[PDB]
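**Student:** What would the 3D arrangement of this be:
(one chain, ligands or ions: 1)
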Amino acid sequence: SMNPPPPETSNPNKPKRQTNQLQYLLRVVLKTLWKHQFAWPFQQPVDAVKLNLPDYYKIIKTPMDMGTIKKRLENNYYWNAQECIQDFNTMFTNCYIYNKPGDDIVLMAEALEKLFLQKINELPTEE
Ligand SMILES: O=c1cc(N2CCOCC2)oc2c(-c3ccccc3)cccc12
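**Tutor:** Numbering: from 1, shown residues only. There you are, the coordinates:
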């Protein structure tokens, strides 16, 4: 069994820009979720080899994690906030898809998503 290469965090062909929404997503949203007590499983890609989940990357074909998102925000990978918000939502949805409702990992993802939705609710207007 083998893990895939992690998601792209640098691509000079992909257009990108700094925006006030993207800065908020880094300084407020990512920062806040990262320090959550249940953040740790989501701070890097799922290691399906170490966790003995040989079917994980057969079920989850768009993996995402906050380590990747952090790198993307820090390296200004995105064109807009929606691209980043989609990465977060993919991360949560991956977890809800692969696991049964009420599992520990799902509860942890649901906690982060609650804080996520709190923070996106107060997403600033474009400057
Ligand atoms: O969807 C997932 C399913 C799992 N699993 C399956 C159930 O047993 C535990 C491992 O683990 C995940 C982890 C993770 C959990 C513990 C340690 C390291 C990573 C991080 C993010 C998503 C998942």
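
**Student:** all contacts plus neighbour counts: C-alpha atoms, from now on.
**Tutor:** Fine.

**Student:** how about the residues of this protein near the ligand?
**Tutor:** 41, 42, 46, 51, 95, 98 (Cα under 6 Å from any ligand atom).

**Student:** Contacts only, for the nearest residue to residue 21 once chain neighbours are set aside.
**Tutor:** Distance criterion Cα to Cα, 6 or more residues apart in numbering; nearest residue to residue 21, sequence neighbours excluded, is residue 81 at 5.7 Å. Taking Cα atoms under 8 Å, 6 or more residues apart in numbering as the contact definition, residue 81 lies against 19, 21, 22, 25.

**Student:** from those residues, which is closest to the ligand?
**Tutor:** Set against the ligand, the nearest of the contacts of residue 81 by Cα to the nearest ligand atom is residue 25 (20.4 Å).

**Student:** and the residues of the chain next to the ligand, which are buried?
**Tutor:** When the residues of the chain next to the ligand are checked for burial by 16 or more other Cα atoms under 10 Å, the buried set is 42, 46, 95.

**Student:** which parts of stretch 88-103 are buried?
**Tutor:** By neighbour count with 16+ other Cα under 10 Å, stretch 88-103 contains the buried residues 88, 90, 91, 92, 93, 94, 95, 96.

**Student:** Can you name the residues in contact with it?
**Tutor:** With Cα under 8 Å, 6+ apart as the test, stretch 88-103 has contacts from 56, 59-60, 62-66, 69, 105-106, 109-110, 113.

**Student:** which of those residues lies closest to the ligand?
**Tutor:** The closest of these, once distances to the ligand are taken by Cα to the nearest ligand atom, is residue 105, at 6.2 Å.

**Student:** same for the helix or strand containing the closest one, what does it pack against?
**Tutor:** Element membership for residue 105, per DSSP states H and E: helix 104-121. Judged by 3 or more Cα pairs under 8 Å, 6 or more residues apart in numbering; DSSP states H and E, helix 104-121 is in contact with helix 31-34, helix 81-98.

**Student:** Alright, I will stop here.
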